[PDB]
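So this one's data_2.txt, compact mmCIF, C-alpha atoms and all ligand atoms:
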# COMPACT_ATOMS: atom_id res chain seq x y z
CA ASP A 7 0.00 0.00 0.00
CA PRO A 8 1.71 3.20 -1.14
CA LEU A 9 -0.27 5.22 1.43
CA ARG A 10 1.26 3.19 4.28
CA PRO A 11 4.44 5.31 4.56
CA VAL A 12 2.43 8.51 4.82
CA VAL A 13 0.06 7.12 7.47
CA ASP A 14 2.87 5.46 9.45
CA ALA A 15 4.89 8.71 9.51
CA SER A 16 2.02 10.53 11.24
CA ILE A 17 0.71 7.65 13.41
CA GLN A 18 3.85 5.89 14.69
CA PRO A 19 5.06 8.95 16.63
CA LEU A 20 1.67 9.08 18.43
CA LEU A 21 1.98 5.42 19.41
CA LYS A 22 5.44 5.93 20.92
CA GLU A 23 4.90 9.28 22.59
CA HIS A 24 1.65 8.24 24.30
CA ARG A 25 2.36 4.49 24.68
CA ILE A 26 -0.82 3.69 22.78
CA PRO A 27 -1.36 -0.08 23.03
CA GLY A 28 -3.34 -0.29 19.75
CA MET A 29 -4.76 1.86 16.95
CA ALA A 30 -6.94 1.11 13.97
CA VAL A 31 -6.63 3.65 11.19
CA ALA A 32 -8.76 3.68 8.09
CA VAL A 33 -8.49 6.00 5.13
CA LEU A 34 -10.76 6.70 2.21
CA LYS A 35 -9.48 8.01 -1.11
CA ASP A 36 -10.99 7.68 -4.61
CA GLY A 37 -13.72 5.32 -3.37
CA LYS A 38 -11.23 2.85 -1.91
CA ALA A 39 -10.75 1.92 1.77
CA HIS A 40 -7.26 1.47 3.16
CA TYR A 41 -6.65 -0.10 6.58
CA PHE A 42 -3.60 0.45 8.76
CA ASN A 43 -3.50 -1.38 12.07
CA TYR A 44 -1.06 -1.00 14.94
CA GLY A 45 -0.36 -2.87 18.14
CA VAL A 46 -2.81 -4.77 20.30
CA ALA A 47 -6.47 -4.64 21.26
CA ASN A 48 -5.92 -6.40 24.55
CA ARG A 49 -2.65 -6.57 26.43
CA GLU A 50 -3.67 -9.79 28.30
CA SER A 51 -4.35 -11.73 25.05
CA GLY A 52 -1.80 -9.82 22.94
CA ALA A 53 -4.41 -9.96 20.17
CA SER A 54 -3.58 -7.69 17.23
CA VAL A 55 -5.74 -4.75 16.25
CA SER A 56 -7.50 -5.18 12.92
CA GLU A 57 -10.08 -3.10 11.04
CA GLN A 58 -12.72 -5.46 12.61
CA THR A 59 -11.59 -4.67 16.22
CA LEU A 60 -14.32 -2.90 18.27
CA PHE A 61 -13.28 0.30 20.06
CA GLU A 62 -15.29 2.62 22.24
CA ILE A 63 -15.57 5.81 20.18
CA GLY A 64 -16.94 7.94 23.02
CA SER A 65 -18.38 11.24 21.80
CA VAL A 66 -18.02 10.27 18.11
CA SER A 67 -21.24 8.43 18.99
CA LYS A 68 -22.96 11.85 18.75
CA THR A 69 -22.65 11.80 14.92
CA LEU A 70 -24.69 8.59 14.85
CA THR A 71 -27.20 9.88 17.40
CA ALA A 72 -27.52 13.05 15.30
CA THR A 73 -28.21 10.92 12.23
CA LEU A 74 -31.02 9.14 14.13
CA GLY A 75 -32.46 12.53 15.04
CA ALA A 76 -32.23 13.62 11.40
CA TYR A 77 -33.86 10.36 10.31
CA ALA A 78 -36.74 11.07 12.73
CA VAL A 79 -37.14 14.49 11.04
CA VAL A 80 -37.07 13.00 7.52
CA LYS A 81 -39.75 10.47 8.56
CA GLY A 82 -41.98 13.27 9.88
CA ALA A 83 -41.94 12.05 13.50
CA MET A 84 -40.38 15.35 14.64
CA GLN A 85 -38.96 18.71 13.56
CA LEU A 86 -35.87 20.48 14.92
CA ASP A 87 -37.95 23.52 15.95
CA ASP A 88 -40.33 21.33 18.03
CA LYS A 89 -40.26 22.21 21.71
CA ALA A 90 -38.59 19.33 23.59
CA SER A 91 -41.64 18.71 25.80
CA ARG A 92 -43.68 17.90 22.66
CA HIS A 93 -41.77 14.57 22.63
CA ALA A 94 -41.59 14.05 26.42
CA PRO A 95 -44.79 14.44 28.44
CA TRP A 96 -42.66 14.42 31.64
CA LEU A 97 -41.01 17.68 30.51
CA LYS A 98 -44.37 19.55 30.28
CA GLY A 99 -44.39 22.45 32.74
CA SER A 100 -40.57 22.96 32.69
CA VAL A 101 -38.23 25.28 30.78
CA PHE A 102 -38.20 22.54 28.12
CA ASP A 103 -41.57 23.89 26.93
CA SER A 104 -39.42 26.71 25.49
CA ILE A 105 -36.24 24.89 24.33
CA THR A 106 -36.19 23.27 20.91
CA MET A 107 -34.99 19.88 19.80
CA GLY A 108 -32.33 21.54 17.55
CA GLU A 109 -31.05 23.46 20.55
CA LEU A 110 -30.65 20.17 22.44
CA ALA A 111 -28.89 18.64 19.43
CA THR A 112 -26.42 21.57 19.12
CA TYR A 113 -25.71 22.10 22.85
CA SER A 114 -27.32 25.56 22.73
CA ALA A 115 -30.30 25.18 25.12
CA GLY A 116 -28.74 27.44 27.76
CA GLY A 117 -25.86 25.90 29.69
CA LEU A 118 -26.71 22.26 30.27
CA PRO A 119 -23.39 21.02 31.69
CA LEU A 120 -20.82 18.71 30.08
CA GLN A 121 -21.90 15.80 32.38
CA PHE A 122 -24.86 14.93 34.59
CA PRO A 123 -24.04 15.57 38.26
CA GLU A 124 -22.63 12.33 39.72
CA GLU A 125 -25.79 11.91 41.88
CA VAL A 126 -27.98 11.65 38.74
CA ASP A 127 -27.69 7.88 38.32
CA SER A 128 -31.20 6.67 37.58
CA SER A 129 -34.16 7.36 35.37
CA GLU A 130 -36.19 8.97 38.17
CA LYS A 131 -33.27 11.20 39.25
CA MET A 132 -32.58 12.16 35.62
CA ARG A 133 -36.16 13.28 35.00
CA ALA A 134 -36.09 15.33 38.21
CA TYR A 135 -32.70 16.74 37.15
CA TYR A 136 -34.11 18.17 33.88
CA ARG A 137 -37.38 19.32 35.48
CA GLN A 138 -35.50 21.41 38.09
CA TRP A 139 -32.82 22.70 35.70
CA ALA A 140 -32.47 26.50 35.45
CA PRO A 141 -31.00 27.99 32.24
CA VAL A 142 -27.80 30.02 32.56
CA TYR A 143 -28.11 31.60 29.09
CA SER A 144 -31.02 32.36 26.81
CA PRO A 145 -31.82 29.50 24.39
CA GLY A 146 -29.65 29.58 21.27
CA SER A 147 -27.23 32.22 22.58
CA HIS A 148 -24.32 30.05 23.88
CA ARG A 149 -22.76 26.69 23.01
CA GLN A 150 -21.86 24.53 26.03
CA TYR A 151 -20.83 21.09 24.88
CA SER A 152 -23.09 18.74 26.80
CA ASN A 153 -23.90 15.05 27.16
CA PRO A 154 -27.27 15.71 28.85
CA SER A 155 -28.12 18.04 25.94
CA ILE A 156 -27.55 15.73 22.97
CA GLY A 157 -28.40 12.65 25.11
CA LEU A 158 -31.86 14.03 25.61
CA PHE A 159 -32.18 14.95 21.92
CA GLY A 160 -31.37 11.35 20.93
CA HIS A 161 -33.63 9.90 23.60
CA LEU A 162 -36.61 12.01 22.45
CA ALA A 163 -35.86 11.28 18.77
CA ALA A 164 -36.18 7.57 19.51
CA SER A 165 -39.37 8.20 21.49
CA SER A 166 -40.74 10.14 18.50
CA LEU A 167 -40.16 6.96 16.46
CA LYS A 168 -41.91 4.79 19.14
CA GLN A 169 -38.92 2.48 19.65
CA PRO A 170 -36.12 2.17 22.20
CA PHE A 171 -32.90 3.95 21.13
CA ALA A 172 -30.65 0.83 21.19
CA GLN A 173 -33.15 -1.10 19.06
CA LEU A 174 -33.56 1.66 16.47
CA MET A 175 -29.80 2.00 16.18
CA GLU A 176 -28.90 -1.69 16.05
CA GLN A 177 -31.89 -2.97 14.00
CA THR A 178 -32.58 -0.08 11.59
CA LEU A 179 -30.17 2.84 11.40
CA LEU A 180 -26.75 1.27 11.67
CA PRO A 181 -27.46 -1.66 9.31
CA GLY A 182 -29.11 0.88 7.01
CA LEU A 183 -25.76 2.73 6.98
CA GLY A 184 -23.85 -0.48 6.20
CA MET A 185 -22.66 -0.72 9.82
CA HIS A 186 -23.29 -4.30 11.00
CA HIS A 187 -20.61 -4.40 13.69
CA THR A 188 -21.57 -1.18 15.46
CA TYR A 189 -23.23 -1.60 18.85
CA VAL A 190 -24.54 0.12 21.90
CA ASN A 191 -24.62 -3.36 23.53
CA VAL A 192 -21.87 -5.64 22.26
CA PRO A 193 -23.37 -9.09 21.67
CA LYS A 194 -21.80 -12.31 22.96
CA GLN A 195 -20.51 -13.32 19.54
CA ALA A 196 -18.65 -9.98 19.15
CA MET A 197 -16.98 -9.89 22.57
CA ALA A 198 -13.74 -11.53 21.41
CA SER A 199 -13.22 -8.64 18.91
CA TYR A 200 -13.88 -6.00 21.63
CA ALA A 201 -10.78 -4.06 22.66
CA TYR A 202 -10.00 -3.00 26.21
CA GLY A 203 -9.29 0.66 26.94
CA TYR A 204 -6.14 1.52 28.90
CA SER A 205 -6.14 4.20 31.57
CA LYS A 206 -3.05 6.35 32.22
CA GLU A 207 -2.00 3.77 34.84
CA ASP A 208 -2.23 1.01 32.17
CA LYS A 209 -5.31 -0.52 33.76
CA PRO A 210 -7.77 -2.22 31.39
CA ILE A 211 -11.16 -0.48 31.46
CA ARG A 212 -14.52 -0.46 29.72
CA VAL A 213 -17.28 2.21 29.66
CA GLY A 216 -24.26 6.65 33.04
CA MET A 217 -27.66 8.10 32.16
CA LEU A 218 -28.11 8.45 28.37
CA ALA A 219 -24.67 6.90 27.81
CA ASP A 220 -25.99 5.15 24.70
CA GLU A 221 -27.05 8.40 23.10
CA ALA A 222 -24.13 10.59 24.16
CA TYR A 223 -21.05 8.39 24.00
CA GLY A 224 -21.84 4.67 24.05
CA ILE A 225 -21.05 3.28 20.56
CA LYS A 226 -18.59 0.41 20.05
CA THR A 227 -17.49 0.09 16.42
CA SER A 228 -14.63 -0.85 14.12
CA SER A 229 -12.53 1.28 11.79
CA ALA A 230 -14.18 -0.59 8.84
CA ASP A 231 -17.68 0.29 10.05
CA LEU A 232 -16.76 3.88 10.80
CA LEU A 233 -15.14 4.32 7.38
CA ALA A 234 -18.39 2.92 5.87
CA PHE A 235 -20.21 5.74 7.76
CA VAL A 236 -17.70 8.22 6.31
CA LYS A 237 -18.38 6.78 2.81
CA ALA A 238 -22.10 7.24 3.47
CA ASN A 239 -21.35 10.88 4.34
CA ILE A 240 -19.55 11.33 0.98
CA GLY A 241 -20.87 8.88 -1.64
CA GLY A 242 -24.20 8.34 0.13
CA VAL A 243 -26.42 5.33 0.74
CA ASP A 244 -29.16 3.42 -1.04
CA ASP A 245 -32.14 4.27 1.23
CA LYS A 246 -33.60 7.68 0.31
CA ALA A 247 -34.69 8.57 3.84
CA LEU A 248 -31.20 7.79 5.19
CA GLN A 249 -29.54 9.85 2.47
CA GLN A 250 -31.66 12.87 3.34
CA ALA A 251 -30.94 12.18 7.03
CA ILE A 252 -27.21 12.26 6.41
CA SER A 253 -27.53 15.53 4.47
CA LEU A 254 -29.35 17.22 7.34
CA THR A 255 -26.33 16.46 9.59
CA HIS A 256 -24.15 18.60 7.25
CA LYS A 257 -26.09 21.86 7.58
CA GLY A 258 -24.43 24.52 9.72
CA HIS A 259 -26.52 25.96 12.54
CA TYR A 260 -24.14 28.51 14.03
CA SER A 261 -20.39 29.07 14.41
CA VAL A 262 -17.87 29.37 17.23
CA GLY A 263 -14.76 30.97 15.73
CA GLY A 264 -13.90 29.06 12.55
CA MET A 265 -15.96 26.00 13.59
CA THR A 266 -19.53 25.49 12.44
CA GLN A 267 -21.85 23.34 14.52
CA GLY A 268 -24.31 21.01 12.86
CA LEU A 269 -26.11 17.94 14.11
CA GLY A 270 -23.23 15.85 15.48
CA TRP A 271 -20.63 16.86 12.92
CA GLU A 272 -18.55 20.01 13.38
CA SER A 273 -17.39 21.63 10.12
CA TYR A 274 -14.69 23.93 8.72
CA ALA A 275 -13.88 25.58 5.41
CA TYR A 276 -11.33 23.29 3.63
CA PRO A 277 -8.37 23.51 3.19
CA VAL A 278 -8.23 24.19 6.92
CA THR A 279 -5.20 25.44 8.80
CA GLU A 280 -3.87 23.34 11.62
CA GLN A 281 -4.43 26.38 13.83
CA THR A 282 -8.13 26.74 12.92
CA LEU A 283 -8.76 22.98 13.41
CA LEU A 284 -6.90 22.99 16.78
CA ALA A 285 -8.85 26.03 17.99
CA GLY A 286 -12.29 24.56 17.19
CA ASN A 287 -11.24 21.40 19.04
CA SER A 288 -9.59 23.34 21.91
CA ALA A 289 -10.24 23.12 25.64
CA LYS A 290 -11.89 26.54 25.40
CA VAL A 291 -14.48 25.27 22.90
CA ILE A 292 -14.99 21.87 24.60
CA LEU A 293 -15.21 23.06 28.23
CA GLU A 294 -16.55 26.64 28.31
CA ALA A 295 -19.72 28.33 27.13
CA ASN A 296 -19.08 30.25 23.93
CA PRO A 297 -21.51 32.65 22.27
CA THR A 298 -23.07 31.45 19.05
CA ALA A 299 -22.39 33.44 15.84
CA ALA A 300 -23.85 33.21 12.32
CA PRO A 301 -22.84 30.03 10.40
CA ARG A 302 -19.95 29.84 7.82
CA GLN A 307 -15.14 22.77 0.23
CA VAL A 308 -15.96 21.58 3.75
CA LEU A 309 -14.25 19.34 6.31
CA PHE A 310 -16.38 17.60 8.89
CA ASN A 311 -15.02 16.09 12.10
CA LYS A 312 -15.77 14.73 15.56
CA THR A 313 -13.56 13.79 18.52
CA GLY A 314 -14.35 11.13 21.14
CA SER A 315 -12.55 10.38 24.39
CA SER A 316 -13.65 7.80 26.97
CA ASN A 317 -11.53 6.45 29.72
CA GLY A 318 -8.93 4.36 28.04
CA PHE A 319 -10.06 5.30 24.52
CA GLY A 320 -9.35 8.10 22.02
CA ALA A 321 -11.12 8.44 18.68
CA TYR A 322 -11.15 10.87 15.79
CA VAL A 323 -12.92 11.08 12.43
CA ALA A 324 -12.52 13.74 9.75
CA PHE A 325 -13.54 13.83 6.10
CA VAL A 326 -13.91 16.16 3.12
CA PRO A 327 -16.76 15.18 0.74
CA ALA A 328 -15.69 17.54 -2.07
CA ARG A 329 -12.31 15.72 -2.23
CA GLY A 330 -13.56 12.17 -1.56
CA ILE A 331 -11.09 11.79 1.34
CA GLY A 332 -11.56 10.74 4.97
CA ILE A 333 -9.79 9.32 7.95
CA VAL A 334 -10.75 7.32 11.04
CA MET A 335 -8.37 6.87 13.99
CA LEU A 336 -9.41 4.62 16.89
CA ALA A 337 -7.14 3.95 19.87
CA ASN A 338 -7.32 2.28 23.23
CA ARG A 339 -5.53 5.16 24.96
CA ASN A 340 -7.17 8.55 25.66
CA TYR A 341 -4.31 10.57 24.13
CA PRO A 342 -4.59 14.34 23.59
CA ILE A 343 -6.94 15.78 21.03
CA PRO A 344 -4.28 18.15 19.58
CA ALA A 345 -2.14 15.11 18.62
CA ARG A 346 -5.12 13.55 16.82
CA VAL A 347 -5.96 16.78 14.94
CA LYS A 348 -2.35 17.36 13.79
CA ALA A 349 -1.87 13.78 12.53
CA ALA A 350 -5.22 13.79 10.71
CA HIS A 351 -4.57 17.18 9.16
CA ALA A 352 -1.15 16.05 7.88
CA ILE A 353 -2.52 12.78 6.42
CA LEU A 354 -5.52 14.42 4.74
CA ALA A 355 -3.27 17.14 3.22
CA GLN A 356 -1.16 14.39 1.60
CA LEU A 357 -4.29 12.57 0.33
CA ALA A 358 -5.71 15.85 -1.01
CA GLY A 359 -2.58 16.43 -3.17
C1 LIG B 401 -16.82 12.65 24.41
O1 LIG B 401 -16.02 11.74 24.13
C2 LIG B 401 -16.82 13.31 25.73
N1 LIG B 401 -16.39 12.44 26.82
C3 LIG B 401 -17.06 12.13 27.93
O2 LIG B 401 -18.20 12.46 28.17
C4 LIG B 401 -16.34 11.38 28.95
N2 LIG B 401 -15.39 11.91 29.62
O3 LIG B 401 -14.96 13.10 29.54
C5 LIG B 401 -13.89 13.60 30.38
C6 LIG B 401 -12.58 12.83 30.13
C7 LIG B 401 -13.66 15.09 30.05
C8 LIG B 401 -14.32 13.50 31.85
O4 LIG B 401 -13.82 12.63 32.62
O5 LIG B 401 -15.20 14.30 32.27
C9 LIG B 401 -16.67 9.94 29.17
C10 LIG B 401 -17.63 9.22 28.46
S1 LIG B 401 -17.74 7.55 28.95
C11 LIG B 401 -16.49 7.90 30.09
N3 LIG B 401 -15.99 6.95 30.93
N4 LIG B 401 -16.03 9.17 30.09
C12 LIG B 401 -15.75 14.39 25.51
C13 LIG B 401 -15.88 15.59 26.45
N5 LIG B 401 -15.85 14.76 24.08
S2 LIG B 401 -14.53 15.17 23.37
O6 LIG B 401 -14.84 15.88 22.16
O7 LIG B 401 -13.68 16.14 24.37
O8 LIG B 401 -13.71 14.00 23.11
ZN ZN B 402 0.11 10.97 26.44
ZN ZN B 403 -40.68 8.89 37.22
ZN ZN B 404 -37.34 7.84 28.34
ZN ZN B 405 -4.34 8.87 37.35
ZN ZN B 406 -32.73 2.40 -5.24
ZN ZN B 407 -30.37 25.14 14.71
ZN ZN B 408 -21.41 34.92 27.02
As structure tokens, please, write out the structure in this file.
Ligand SMILES: *C(=O)[C@@H](NC(=O)/C(=N\OC(C)(C)C(=O)O)c1csc(N)n1)[C@H](C)NS(=O)(=O)O
Ligand SMILES: [Zn+2]
Ligand SMILES: [Zn+2]
Ligand SMILES: [Zn+2]
Ligand SMILES: [Zn+2]
Ligand SMILES: [Zn+2]
Ligand SMILES: [Zn+2]
Ligand SMILES: [Zn+2]
Amino acid sequence: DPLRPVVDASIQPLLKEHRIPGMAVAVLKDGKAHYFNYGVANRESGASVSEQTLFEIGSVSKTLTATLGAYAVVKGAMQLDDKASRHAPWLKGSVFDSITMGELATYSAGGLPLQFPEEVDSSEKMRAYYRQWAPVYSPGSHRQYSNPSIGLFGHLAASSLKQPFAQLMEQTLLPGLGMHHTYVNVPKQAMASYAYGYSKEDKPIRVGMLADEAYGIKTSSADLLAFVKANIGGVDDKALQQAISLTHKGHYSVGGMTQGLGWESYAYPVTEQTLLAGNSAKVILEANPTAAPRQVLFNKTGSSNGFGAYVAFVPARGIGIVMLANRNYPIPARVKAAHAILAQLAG
């Protein structure tokens, strides 16, 4: 593979510097998938990573949850300007009478936090959490990246479709996308392909309320590259195609980043500096005011304990990259390596 030297030059230094036990890398160019696999999925078994190895992709899950939401819209079960409580009777009477589904999807409802408080560990406590929640900002005015925000959006999207979220994903959406080894619940027969994550102390670890919706997907580099392909070349089902397209529309911007449903987008070519800034601690951790929206590059980061994932692609150039590791290594390292590889593929 004549792309191997290019990918190795950017990936190998990451593996050494951060002692990454294993990484699956997949690249798309000119309609062809290329797989580059490094190290081990499981340090006990010493089993090699392949493009069929399942990794936790953490917040990259939000691109798939967004696509379910968009599918619900395409099917007429909901609209992004619906008030949230329209799809949750238990939210009637709360501030969610005046927050929209799109605002939940784009983390712009008014300062829902990054994580549920640790005490919110059941269905009953979660419902009380949202019912008592007091907005910090007016709806639409600030982005605060939030699991409770998009988690709720996904949860209500499934409810709009009258099916549990895990079932819709595993039985309809993901196989519709060509993703047959992508799970919220990894089945018995897939367990032997399931990587372990490795904490900073080299302890093996595996994955909360609305975990499924916000960060719970297990998938392979092959499946994730198929999702990238679907975001470039498209898919057979008309409803799913339109769903995917809705996830590309920009809602608002924060600096040079434009927020859509799940995917975050940039004018391409994109400087390393612009891509680093939109994926910076400032953008991830603080509230930022929303501004008017923007070739286009789409990306999403994901970081669970013991896992670090990144996906980026450019439909106008037919290029894309997936990087899945079982170490949570820094986002800037992911962004830099991806940017370098895509620049070489773009020619
Ligand atoms: C998405 O991956 C999201 N990550 C999380 O919600 C989790 N942890 O976040 C950090 C490490 C900040 C924390 O400890 O609070 C998480 C999910 S399952 C699990 N065990 N941890 C992050 C914030 N998104 S990303 O874009 O920064 O990667
Ligand atoms: Zn490190
Ligand atoms: Zn209840
Ligand atoms: Zn529910
Ligand atoms: Zn520690
Ligand atoms: Zn057809
Ligand atoms: Zn919007
Ligand atoms: Zn402000």
### Query
Using all atoms listed in the file, which of A:192, A:292, A:26, A:9 sits nearest ligand ZN 402 (chain B)?
A:26
#### Entry: Nearest candidate to ligand LIG 401 (chain B) (options A:134, A:293, A:126, A:354; using all atoms listed in the file)
A:293
### Task
Could you please extract the residues within 7 Å of ligand ZN 407 (chain B), counting only C-alpha atoms and all ligand atoms, and hand them back as a PyMOL selection string?
chain A and resi 108-109+112+259
### Task
Enumerate residues in contact with ligand ZN 406 (chain B): an atom-to-atom distance of at most 8 Å, counting all atoms listed in the file. Format the result as JSON, numbers by chain.
{"A": [244, 245, 246]}
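Our summary of the geometry notes that CA of residue 254 (chain A) is positioned 8.1 Å from CA of residue 73 (chain A).
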### Straight-line distance linking CA of residue 341 (chain A) with CA of residue 288 (chain A), stated in Å to one decimal
14.0 Å
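Distance-wise, CA of residue 116 (chain A) and CA of residue 93 (chain A) end up 19.0 Å apart.
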#### Entry: For residue 29 (chain A): contacts at 10 Å, all atoms listed in the file, fewer than 3 positions along chain excluded, given as number ranges by chain
A: 17-18, 20-21, 26, 32, 42-47, 54-57, 59, 61, 229, 319-321, 335-339
Could the residues in this selection be saved with C-alpha atoms as a PDB file, keeping the file's coordinate frame?
ATOM      1  CA  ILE A  17       0.710   7.650  13.410  1.00  0.00           C
ATOM      2  CA  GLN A  18       3.850   5.890  14.690  1.00  0.00           C
ATOM      3  CA  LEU A  20       1.670   9.080  18.430  1.00  0.00           C
ATOM      4  CA  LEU A  21       1.980   5.420  19.410  1.00  0.00           C
ATOM      5  CA  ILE A  26      -0.820   3.690  22.780  1.00  0.00           C
ATOM      6  CA  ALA A  32      -8.760   3.680   8.090  1.00  0.00           C
ATOM      7  CA  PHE A  42      -3.600   0.450   8.760  1.00  0.00           C
ATOM      8  CA  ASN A  43      -3.500  -1.380  12.070  1.00  0.00           C
ATOM      9  CA  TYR A  44      -1.060  -1.000  14.940  1.00  0.00           C
ATOM     10  CA  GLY A  45      -0.360  -2.870  18.140  1.00  0.00           C
ATOM     11  CA  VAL A  46      -2.810  -4.770  20.300  1.00  0.00           C
ATOM     12  CA  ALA A  47      -6.470  -4.640  21.260  1.00  0.00           C
ATOM     13  CA  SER A  54      -3.580  -7.690  17.230  1.00  0.00           C
ATOM     14  CA  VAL A  55      -5.740  -4.750  16.250  1.00  0.00           C
ATOM     15  CA  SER A  56      -7.500  -5.180  12.920  1.00  0.00           C
ATOM     16  CA  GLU A  57     -10.080  -3.100  11.040  1.00  0.00           C
ATOM     17  CA  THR A  59     -11.590  -4.670  16.220  1.00  0.00           C
ATOM     18  CA  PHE A  61     -13.280   0.300  20.060  1.00  0.00           C
ATOM     19  CA  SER A 229     -12.530   1.280  11.790  1.00  0.00           C
ATOM     20  CA  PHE A 319     -10.060   5.300  24.520  1.00  0.00           C
ATOM     21  CA  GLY A 320      -9.350   8.100  22.020  1.00  0.00           C
ATOM     22  CA  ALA A 321     -11.120   8.440  18.680  1.00  0.00           C
ATOM     23  CA  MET A 335      -8.370   6.870  13.990  1.00  0.00           C
ATOM     24  CA  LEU A 336      -9.410   4.620  16.890  1.00  0.00           C
ATOM     25  CA  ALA A 337      -7.140   3.950  19.870  1.00  0.00           C
ATOM     26  CA  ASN A 338      -7.320   2.280  23.230  1.00  0.00           C
ATOM     27  CA  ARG A 339      -5.530   5.160  24.960  1.00  0.00           C
TER      28      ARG A 339
END
Around all the atoms of region 276-284 of chain A listed in the file, with 6 Å of room on each side, what axis-aligned box do you get, giving centre and edge lengths in Å to one decimal, as AutoDock Vina command-line options?
--center_x -7.6 --center_y 24.9 --center_z 10.0 --size_x 19.5 --size_y 15.8 --size_z 25.6
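Closest approach to residue 14 (chain A) among A:30, A:278, A:185, A:72 is made by A:30 (distances from all atoms listed in the file).
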### Message
ligand ZN 408 (chain B): which residues are within 9 Å, counting only C-alpha atoms and all ligand atoms? Reply as a PyMOL selection string.
### Response
chain A and resi 143+147-148+295-298
Would you mind writing region 48-59 of chain A with N, CA and C atoms, as a CSV table (one decimal), in the coordinates of the input?
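Listed below is the output, selection.csv:
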chain,number,residue,atom,x,y,z
A,48,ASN,N,-5.8,-5.8,23.2
A,48,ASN,CA,-5.9,-6.4,24.6
A,48,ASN,C,-4.5,-6.8,25.0
A,49,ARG,N,-4.0,-6.2,26.0
A,49,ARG,CA,-2.6,-6.6,26.4
A,49,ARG,C,-2.6,-7.9,27.1
A,50,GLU,N,-3.7,-8.4,27.7
A,50,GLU,CA,-3.7,-9.8,28.3
A,50,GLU,C,-3.5,-10.9,27.2
A,51,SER,N,-4.4,-10.8,26.2
A,51,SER,CA,-4.4,-11.7,25.0
A,51,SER,C,-3.2,-11.5,24.0
A,52,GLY,N,-2.7,-10.2,24.0
A,52,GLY,CA,-1.8,-9.8,22.9
A,52,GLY,C,-2.4,-9.9,21.6
A,53,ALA,N,-3.7,-9.9,21.5
A,53,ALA,CA,-4.4,-10.0,20.2
A,53,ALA,C,-4.2,-8.7,19.4
A,54,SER,N,-3.9,-8.8,18.1
A,54,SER,CA,-3.6,-7.7,17.2
A,54,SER,C,-4.8,-6.9,16.9
A,55,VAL,N,-4.7,-5.6,16.8
A,55,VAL,CA,-5.7,-4.8,16.2
A,55,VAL,C,-5.9,-5.1,14.8
A,56,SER,N,-7.2,-5.2,14.3
A,56,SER,CA,-7.5,-5.2,12.9
A,56,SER,C,-8.6,-4.2,12.7
A,57,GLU,N,-9.0,-4.0,11.4
A,57,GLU,CA,-10.1,-3.1,11.0
A,57,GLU,C,-11.5,-3.6,11.5
A,58,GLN,N,-11.5,-4.9,12.0
A,58,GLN,CA,-12.7,-5.5,12.6
A,58,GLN,C,-12.7,-5.3,14.1
A,59,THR,N,-11.7,-4.9,14.8
A,59,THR,CA,-11.6,-4.7,16.2
A,59,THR,C,-12.6,-3.6,16.7
